[PDB]
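Visitor: Please find one structure pasted underneath; my questions will follow.
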Amino acid sequence: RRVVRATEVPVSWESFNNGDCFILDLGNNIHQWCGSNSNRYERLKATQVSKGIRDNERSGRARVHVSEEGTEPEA
Amino acid sequence: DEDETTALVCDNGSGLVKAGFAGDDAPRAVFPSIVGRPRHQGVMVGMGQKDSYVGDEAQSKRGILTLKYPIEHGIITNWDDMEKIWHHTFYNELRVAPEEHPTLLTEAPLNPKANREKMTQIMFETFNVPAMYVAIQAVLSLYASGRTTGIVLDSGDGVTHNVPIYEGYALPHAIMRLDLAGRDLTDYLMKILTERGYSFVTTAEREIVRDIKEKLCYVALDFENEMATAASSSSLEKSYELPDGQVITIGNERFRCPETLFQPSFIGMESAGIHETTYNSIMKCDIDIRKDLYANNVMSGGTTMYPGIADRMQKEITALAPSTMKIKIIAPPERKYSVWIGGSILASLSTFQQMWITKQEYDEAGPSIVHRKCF
Amino acid sequence: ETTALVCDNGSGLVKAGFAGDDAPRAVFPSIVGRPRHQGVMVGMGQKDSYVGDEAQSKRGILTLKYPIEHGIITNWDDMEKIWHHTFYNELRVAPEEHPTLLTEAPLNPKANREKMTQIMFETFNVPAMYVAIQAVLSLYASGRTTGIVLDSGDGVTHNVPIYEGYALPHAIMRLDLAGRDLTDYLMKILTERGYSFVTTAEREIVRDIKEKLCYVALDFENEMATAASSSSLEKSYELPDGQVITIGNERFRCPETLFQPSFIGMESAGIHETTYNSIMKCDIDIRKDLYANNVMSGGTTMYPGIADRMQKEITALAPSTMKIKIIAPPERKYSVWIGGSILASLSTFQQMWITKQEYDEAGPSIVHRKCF
Amino acid sequence: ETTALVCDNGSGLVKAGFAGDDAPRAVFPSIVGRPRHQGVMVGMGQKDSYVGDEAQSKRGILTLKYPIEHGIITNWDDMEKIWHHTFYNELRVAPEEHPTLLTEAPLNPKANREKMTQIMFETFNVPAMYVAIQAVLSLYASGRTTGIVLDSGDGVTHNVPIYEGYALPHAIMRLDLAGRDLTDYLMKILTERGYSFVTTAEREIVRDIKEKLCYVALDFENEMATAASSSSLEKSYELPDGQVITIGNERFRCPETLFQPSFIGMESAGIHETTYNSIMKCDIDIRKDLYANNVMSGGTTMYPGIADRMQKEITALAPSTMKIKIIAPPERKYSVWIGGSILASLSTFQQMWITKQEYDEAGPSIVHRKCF
Ligand SMILES: Nc1ncnc2c1ncn2[C@@H]1O[C@H](COP(=O)(O)OP(=O)(O)OP(=O)(O)O)[C@@H](O)[C@H]1O
Ligand SMILES: Nc1ncnc2c1ncn2[C@@H]1O[C@H](COP(=O)(O)OP(=O)(O)OP(=O)(O)O)[C@@H](O)[C@H]1O
Ligand SMILES: Nc1ncnc2c1ncn2[C@@H]1O[C@H](COP(=O)(O)OP(=O)(O)O)[C@@H](O)[C@H]1O
Ligand SMILES: [Ca+2]
Ligand SMILES: [Ca+2]
Ligand SMILES: [Ca+2]
Ligand SMILES: [Ca+2]
């Protein structure tokens with residue numbers, strides 16, 4: 001809510017909930033999934049962590065995708 | 001995290017004023033920006049007959065008042081009435097003294113400079129706030145969505161503008177503005193309601209036509225097939241109840257009114273629709289950043305609250321763009337108040353405290369400090 | 001115990017990694033970008049200078065400057081930014097532990113060598129350092145000790161004769177056209193089809209068109225005849241806006257600027273006969289091996305048919321009493337790094353390092369006597 | 001016995017007249033207007049397409065489209081309407097009797113040349129035809145055979161070096177901003193004074209404001225300082241609805257987009273250094289007169305003070321060991337037509353015509369061998 005943090009969670013559909021936000025890292029493609037009940041600050045933190053993990057760990061050799069419910073890509 | 005603040009966010013849009021505190025999830029006072037003055041003879045002495053009514057009480061007594069909007073297509077016209085509006089929203093709605101609270105205000109792009117100097121002059125001299133900032137509405141709407149890359153189509157009651165921002169950097173040469181919004185849709189609906197014999201001339205009748213536009217109108221997916229369906233059958237007709245007890249019915253006028261947004265030639269303007277305005281807003285940007293801007297179309301404002309406008313927008317942009325591109329359109333359900341929500345974010349950020357225009361900067365630099373600090 | 005670093009500073013493509021590896025760990029273009037619009041999304045990690053492939057990603061909203069032009073270091077602060085991005089962001093290592101091996105252009109001025117020594121030893125505080133030459137390290141990458149090297153990267157083209165594992169400074173020659181000038185030529189000859197590319201942001205798009213779709217014609221005039229008559233060689237490319245362009249005779253006209261410099265107006269010689277001009281400047285008795293080892297290096301040797309056309313053009317104008325072969329390994333675009341990796345990992349390279357304490361009581365002049 | 005015709009098809013202003021004259025007979029803007037409302041009063045001369053200055057007269061009730069954009073013909077049927085309106089209504093001549101001379105932009109695609117040949121021979125049935133270049137007729141109007149020509153009209157700006165009476169195609173460059181983009185930038189920078197112009201009907205009013213009240217500042221920052229401090233340069237204009245606008249510092253900020261394209265977000269070079277970029281691309285021997293003959297042409301060279309600012313900007317970044325002079329004749333907005341009228345009226349031009357029977361047994365390909 002105020003102190004927003006990231007935690008590594010194992011890769012499964014059961015780990016997803018609607019109240020938080022999620023960052024799926026698949027190498028050259030990074031997907032940002034936002035919940036419907038997710039708020040403003042963790043959306044901003046998800047965007048900031050996404051641009052950080054693109055431009056620092058991969059040095060811009062990635063493409064960040066933003067999606068929500070119903071608009072999930074094929075990846 | 002982000003540090004606390006005692007700032008106020010006051011979206012002073014063309015139809016509504018949305019005022020509240022920074023850090024909160026919703027604006028505390030939402031009320032339409034009108035000033036009502038009586039046009040009838042007051043024969044009953046006493047009982048507090050005011051010379052002017054402001055806010056929601058002006059909506060309550062609108063039959064015996066003439067109503068004026070001091071904001072006309074984003075430009076503030078009558079400064080005394082709009083000063084009365086800020087006095088009402090500081091003292092009567094929020095019930096706070098502005099002397100110990102910074103204030104954040106909103107403005108459309110490509111407004112005249114004299115709006116910014118006069119807004120600076122009445123905020124610093126009259127109310128004596130300790131700080132001020134003014135920001136673009138579409139930047140604040142993109143703050144609300146949480147994204148950084150995207151084109152925002154912000155359409156209030158007076159101004160409909162396209163702003164593309166790639167990463168953190170806006171492109172000022174690609175800013176489009178069109179004076180086609182809910183005022184002109186309300187006036188066009190008032191024109192086409194005479195085809196069924198219903199006459200609406202006064203300002204309270206303009207408020208009633210605004211209510212029927214909010215409550216019944218919708219965007220058709222394809223205009224000619226929906227016109228043939230409405231001509232063939234009578235299933236599309238719907239009813240509405242006047243406050244005096246009369247009942248009216250409307251058919252094709254449900255979808256002919258928002259079609260002015262996609263075809264402005266109904267009201268005599270040769271400028272093209274909002275879809276082509278979005279398309280050449282994308283085309284005026286340079287070639288490397290079209291891919292991300294197609295997939296992050298964001299709408300905001302009450303004028304984007306029609307049902308079915310996202311599907312028509314998707315079909316028109318999918319027709320205009322080349323077929324290999326994926327086009328995604330973001331329409332959150334809280335997009336009416338997204339300007340204020342992003343304002344609460346931007347007032348609540350820790351970085352922002354070294355961009356407040358303080359009192360001493362205004363005293364040393366005149367009202368022209370705001371163009372060197374803001375935008 | 002510690003591992004050395006190899007860093008090949010190319011004119012438009014810099015390679016880096018650890019010693020003892022069969023491929024460079026990071027390949028990224030040496031581009032320093034600066035923003036050209038104002039950042040209204042404040043507090044969200046906006047930077048005054050984007051460097052490396054990060055600048056390549058958001059290349060539309062930046063102006064891009066090359067710190068090395070024509071193989072020679074010119075802008076030094078941006079070059080230090082390339083080094084800071086290379087050590088700290090790319091390789092993710094501290095420079096204080098690892099010795100660093102660099103590569104220099106042939107016939108570099110000595111002041112550039114002294115300043116490379118000074119910003120390596122002072123700014124990053126390396127424990128050991130060494131400088132070496134592109135072309136002889138490409139020859140060690142070819143497994144040979146005697147031969148000509150045509151090193152044609154992004155800035156210049158160098159022709160280096162080497163005998164007994166050492167270059168011959170009278171006979172290295174320079175020809176100033178490479179893939180940057182080919183990109184500008186392709187930028188010129190797409191205007192007749194109606195496609196416009198005028199700024200530095202879409203120059204890498206034209207470079208990608210050059211990399212994906214180009215080939216060297218073995219004979220040029222009949223290829224004009226077949227391209228004018230038929231349309232079998234016309235192929236399409238997908239721009240990242242989604243517009244599809246189509247390329248006909250301009251696919252192979254762009255390699256031919258190397259053989260005909262008068263396509264872009266300068267009076268100098270083509271790439272085939274300048275090797276003849278270099279090899280006539282050498283001594284007679286060496287030439288029997290010196291023609292036989294035709295080492296090709298650089299990323300502008302990736303074109304298909306460059307070897308057969310090179311063999312034909314050398315065989316036309318050399319005397320007919322001698323056999324000519326052209327060699328072109330598949331890893332010759334990384335061969336300078338492969339040479340740096342094998343030289344940094346040797347059992348005899350520990351005494352050839354320039355240590356910190358040797359730099360302290362000699363200053364920036366010990367690099368001349370040891371890198372020699 | 002018959003008289004030839006000169007027809008310079010500008011991107012926003014088309015000129016036409018008879019050969020051998022000191023001025024073009026008809027100058028009118030190249031627009032095609034179409035009605036946007038329903039004509040309820042029938043039988044009173046309503047047309048489905050107004051063309052020429054007639055569309056400029058009743059421009060309030062029309063939508064306007066430019067058939068030529070960026071110097072290149074795009075919409076062809078509207079261009080046929082333009083040619084019909086030149087031949088029949090303006091000049092009041094039958095096209096079957098008079099030969100016609102045409103002008104094109106440099107680096108014109110070949111298909112446009114063939115299509116101009118095809119519609120000029122088939123539709124109107126001319127007896128003779130010839131196609132020339134803008135810049136060579138601009139140089140012939142100046143009485144020179146070697147020089148740089150800056151043709152900056154309404155669509156595009158061209159820098160063309162010409163040596164020995166012929167252009168150098170490797171050094172011609174096209175910078176794509178002109179008076180249309182200046183009109184759009186002035187349309188942008190009149191909003192802050194509260195004046196709103198949006199549609200194409202009032203774009204011509206902004207063009208008239210740009211023509212009547214603009215000037216190039218010799219130095220920009222002190223001009224901005226004196227505009228901010230005093231009010232001696234603020235002047236008024238009378239709009240045709242009776243309202244009076246006033247303009248201050250925007251009088252000189254809008255010519256400065258030619259020197260600074262970053263005002264409209266274009267990353268490309270300013271107008272002074274692209275001529276330098278053209279002149280280094282020429283050969284080293286022929287620069288000495290080429291710097292001396294600085295020929296300015298086009299309607300957007302008619303600002304007061306553009307020549308002195310141009311002299312200052314060239315003299316700043318050129319080497320100081322040579323003299324820069326710029327010529328600017330007062331008739332330079334019609335100089336293409338003057339060069340065409342001199343060229344058509346000669347005693348050696350009757351053999352250079354492309355006659356009808358030469359078009360018959362060659363098709364639309366004889367223009368590739370005769371207008372060169
Ligand atoms: N497949 C390809 N086809 C065409 N050109 C290519 C290809 N691959 C790379 N290039 C070009 O090769 C150049 C990069 O090669 P290389 O890495 O050897 O150069 P460099 O080390 O930066 O240059 P220099 O030796 O001048 O310092 C660029 O101009 C690039 O466009
Ligand atoms: N006095 C003036 N000051 C500034 N601009 C002017 C003036 N007179 C004309 N122009 C502008 O010059 C342009 C037209 O000039 P000109 O006739 O040379 O161009 P053109 O032949 O139509 O263009 P192009 O060569 O690109 O085809 C228009 O933009 C017009 O507004
Ligand atoms: N549900 C709705 N359907 C259609 N239009 C709406 C709806 N709600 C609000 N509007 C329109 O939005 C306009 C005001 O929107 P908003 O942007 O919130 O206020 P402002 O324009 O003052 O900033 C009104 O003119 C109204 O016509
Ligand atoms: Ca949560
Ligand atoms: Ca609004
Ligand atoms: Ca190299
Ligand atoms: Ca012209």
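Ordering of the structure tokens sets the chain letters (A, B, ...), residue numbers begin anew at 1 in every chain, and ligands are numbered from 1 in the order given.
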Applying 8 Å and only C-alpha atoms, which residues near segment 206-210 of chain D remain after dropping the ones on its own chain fewer than 6 positions away? List them as a short mmCIF file (atom, residue, chain, number, x, y, z; two decimals) with N, CA, C and O atoms, in the first residue's frame.
Guide:
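Below is the file that was written, part.cif:
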```cif
data_model
loop_
_atom_site.label_atom_id
_atom_site.label_comp_id
_atom_site.auth_asym_id
_atom_site.auth_seq_id
_atom_site.Cartn_x
_atom_site.Cartn_y
_atom_site.Cartn_z
N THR D 183 4.24 27.82 -41.80
CA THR D 183 2.84 28.18 -41.57
C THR D 183 2.24 27.35 -40.44
O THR D 183 1.50 27.87 -39.60
N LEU D 186 3.73 28.66 -37.16
CA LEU D 186 3.07 29.91 -36.77
C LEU D 186 1.64 29.66 -36.31
O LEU D 186 1.13 30.36 -35.42
N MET D 187 0.98 28.65 -36.89
CA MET D 187 -0.31 28.16 -36.41
C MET D 187 -0.19 27.61 -34.99
O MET D 187 -1.13 27.73 -34.19
N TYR D 237 -2.35 43.27 -36.96
CA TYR D 237 -2.87 42.81 -38.24
C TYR D 237 -4.39 42.80 -38.17
O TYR D 237 -4.97 42.55 -37.11
N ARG D 251 6.99 37.32 -34.41
CA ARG D 251 7.31 37.79 -35.75
C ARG D 251 8.63 37.21 -36.25
O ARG D 251 8.75 36.88 -37.44
#
```
Visitor: Among segment 4-57 of chain A, which residues does DSSP mark as alpha helix (DSSP H) when it is run on the backbone? Keep the chain and numbering as in the structure and answer as a ChimeraX atom specification.
Guide: /A:40-52
Visitor: Can you write just those residues out, N, CA and C atoms, as an mmCIF file, in the first residue's frame?
Guide:
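The result, stored in out-v6.cif:
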```cif
data_model
loop_
_atom_site.group_PDB
_atom_site.id
_atom_site.type_symbol
_atom_site.label_atom_id
_atom_site.label_comp_id
_atom_site.auth_asym_id
_atom_site.auth_seq_id
_atom_site.Cartn_x
_atom_site.Cartn_y
_atom_site.Cartn_z
ATOM 1 N N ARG A 40 -2.779 1.962 -7.229
ATOM 2 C CA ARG A 40 -1.922 2.866 -7.994
ATOM 3 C C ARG A 40 -0.434 2.634 -7.717
ATOM 4 N N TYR A 41 -0.063 2.414 -6.448
ATOM 5 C CA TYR A 41 1.345 2.420 -6.055
ATOM 6 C C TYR A 41 2.074 1.161 -6.503
ATOM 7 N N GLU A 42 1.419 0.003 -6.426
ATOM 8 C CA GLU A 42 2.069 -1.211 -6.899
ATOM 9 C C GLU A 42 2.068 -1.300 -8.421
ATOM 10 N N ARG A 43 1.152 -0.597 -9.096
ATOM 11 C CA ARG A 43 1.234 -0.464 -10.549
ATOM 12 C C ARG A 43 2.441 0.371 -10.953
ATOM 13 N N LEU A 44 2.680 1.473 -10.227
ATOM 14 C CA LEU A 44 3.860 2.300 -10.474
ATOM 15 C C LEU A 44 5.149 1.562 -10.130
ATOM 16 N N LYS A 45 5.124 0.766 -9.055
ATOM 17 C CA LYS A 45 6.282 -0.036 -8.674
ATOM 18 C C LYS A 45 6.543 -1.156 -9.678
ATOM 19 N N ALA A 46 5.479 -1.758 -10.227
ATOM 20 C CA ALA A 46 5.615 -2.788 -11.257
ATOM 21 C C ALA A 46 6.213 -2.221 -12.537
ATOM 22 N N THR A 47 5.779 -1.013 -12.921
ATOM 23 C CA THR A 47 6.351 -0.330 -14.080
ATOM 24 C C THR A 47 7.816 0.043 -13.847
ATOM 25 N N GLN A 48 8.144 0.507 -12.632
ATOM 26 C CA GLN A 48 9.519 0.893 -12.306
ATOM 27 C C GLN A 48 10.459 -0.310 -12.258
ATOM 28 N N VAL A 49 10.003 -1.424 -11.671
ATOM 29 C CA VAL A 49 10.776 -2.664 -11.643
ATOM 30 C C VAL A 49 10.928 -3.240 -13.052
ATOM 31 N N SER A 50 9.894 -3.091 -13.902
ATOM 32 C CA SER A 50 9.963 -3.553 -15.292
ATOM 33 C C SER A 50 10.988 -2.776 -16.115
ATOM 34 N N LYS A 51 10.987 -1.445 -15.995
ATOM 35 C CA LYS A 51 11.971 -0.640 -16.718
ATOM 36 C C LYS A 51 13.373 -0.811 -16.146
ATOM 37 N N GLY A 52 13.476 -1.078 -14.839
ATOM 38 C CA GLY A 52 14.763 -1.414 -14.254
ATOM 39 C C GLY A 52 15.313 -2.741 -14.742
#
```
Visitor: If you count only C-alpha atoms, which residues fall within 7 Å of residue 218 of chain C, apart from same-chain ones fewer than 4 positions away, as a ChimeraX atom specification?
Guide: /C:305,308-309
Visitor: Near chain B, which residues of chain C fall within 12 Å when you count only C-alpha atoms, and what do they look like as a ChimeraX atom specification?
Guide: /C:35-48,56-62,196-205,238-244
Visitor: Nearest residue to ligand 7 out of D:319, D:339, D:330, D:248, using only C-alpha atoms and all ligand atoms?
Guide: D:339
Visitor: Working over all C-alpha atoms in order, superimpose chain D onto chain C by least squares and state the RMSD in Å.
Guide: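 The C-alpha RMSD comes out at 0.2 Å.
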Visitor: Among segment 60-125 of chain B, which residues does DSSP mark as strand (DSSP E) when it is run on the backbone? Keep the chain and numbering as in the structure and answer as a list in words.
Guide: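 Filtering segment 60-125 of chain B to strand (DSSP E) leaves residues 65, 66, 67, 68, 71, 72, 75, 76, 103, 104, 105, 106 and 107 of chain B.
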Visitor: With C-alpha atoms retained, write the just-selected residues as a CSV table (one decimal), in the first residue's frame.
Guide:
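File produced: result-v5.csv:
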```csv
chain,number,residue,atom,x,y,z
B,65,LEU,CA,-31.7,31.1,-12.3
B,66,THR,CA,-29.7,31.8,-15.4
B,67,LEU,CA,-26.5,29.7,-15.3
B,68,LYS,CA,-23.1,30.7,-16.6
B,71,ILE,CA,-14.8,28.2,-18.5
B,72,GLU,CA,-15.5,28.0,-22.2
B,75,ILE,CA,-10.2,29.1,-21.4
B,76,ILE,CA,-11.4,30.9,-18.3
B,103,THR,CA,-2.4,23.6,-4.4
B,104,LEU,CA,-2.1,21.6,-7.6
B,105,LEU,CA,-4.2,22.7,-10.6
B,106,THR,CA,-4.9,21.2,-14.0
B,107,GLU,CA,-4.9,22.7,-17.5
```
Visitor: Residues at most 9 Å from residue 127 of chain C, counting only C-alpha atoms, excluding those fewer than 4 positions away in the same chain, as a VMD selection string?
Guide: chain C and resid 95 to 100 121 354 to 357
Visitor: Go ahead and write the residues just picked, N, CA and C atoms, as a PDB file, in the first residue's frame.
Guide:
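So the final result, stored in again34.pdb, reads:
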```pdb
ATOM      1  N   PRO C  95      36.614  -3.150 -11.811  1.00  0.00           N
ATOM      2  CA  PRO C  95      37.906  -3.111 -12.529  1.00  0.00           C
ATOM      3  C   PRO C  95      39.137  -3.269 -11.643  1.00  0.00           C
ATOM      4  N   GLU C  96      39.005  -3.120 -10.320  1.00  0.00           N
ATOM      5  CA  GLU C  96      40.158  -3.143  -9.422  1.00  0.00           C
ATOM      6  C   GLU C  96      40.765  -4.536  -9.287  1.00  0.00           C
ATOM      7  N   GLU C  97      39.983  -5.581  -9.537  1.00  0.00           N
ATOM      8  CA  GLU C  97      40.473  -6.947  -9.407  1.00  0.00           C
ATOM      9  C   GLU C  97      41.044  -7.488 -10.710  1.00  0.00           C
ATOM     10  N   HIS C  98      40.409  -7.176 -11.832  1.00  0.00           N
ATOM     11  CA  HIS C  98      40.712  -7.877 -13.075  1.00  0.00           C
ATOM     12  C   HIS C  98      41.657  -7.062 -13.939  1.00  0.00           C
ATOM     13  N   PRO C  99      42.727  -7.677 -14.447  1.00  0.00           N
ATOM     14  CA  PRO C  99      43.511  -7.043 -15.512  1.00  0.00           C
ATOM     15  C   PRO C  99      42.694  -6.877 -16.785  1.00  0.00           C
ATOM     16  N   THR C 100      43.026  -5.841 -17.551  1.00  0.00           N
ATOM     17  CA  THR C 100      42.246  -5.463 -18.720  1.00  0.00           C
ATOM     18  C   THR C 100      43.146  -5.400 -19.947  1.00  0.00           C
ATOM     19  N   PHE C 121      44.381   3.875 -15.849  1.00  0.00           N
ATOM     20  CA  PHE C 121      45.087   3.721 -14.582  1.00  0.00           C
ATOM     21  C   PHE C 121      44.557   4.629 -13.479  1.00  0.00           C
ATOM     22  N   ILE C 354      51.401  -4.539 -17.667  1.00  0.00           N
ATOM     23  CA  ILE C 354      51.891  -3.280 -17.122  1.00  0.00           C
ATOM     24  C   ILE C 354      51.182  -3.116 -15.782  1.00  0.00           C
ATOM     25  N   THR C 355      51.898  -3.385 -14.694  1.00  0.00           N
ATOM     26  CA  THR C 355      51.289  -3.312 -13.375  1.00  0.00           C
ATOM     27  C   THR C 355      51.155  -1.861 -12.917  1.00  0.00           C
ATOM     28  N   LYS C 356      50.466  -1.693 -11.784  1.00  0.00           N
ATOM     29  CA  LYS C 356      50.218  -0.370 -11.221  1.00  0.00           C
ATOM     30  C   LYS C 356      51.502   0.291 -10.724  1.00  0.00           C
ATOM     31  N   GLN C 357      52.349  -0.470 -10.021  1.00  0.00           N
ATOM     32  CA  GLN C 357      53.573   0.099  -9.456  1.00  0.00           C
ATOM     33  C   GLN C 357      54.599   0.413 -10.540  1.00  0.00           C
TER      34      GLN C 357
END
```
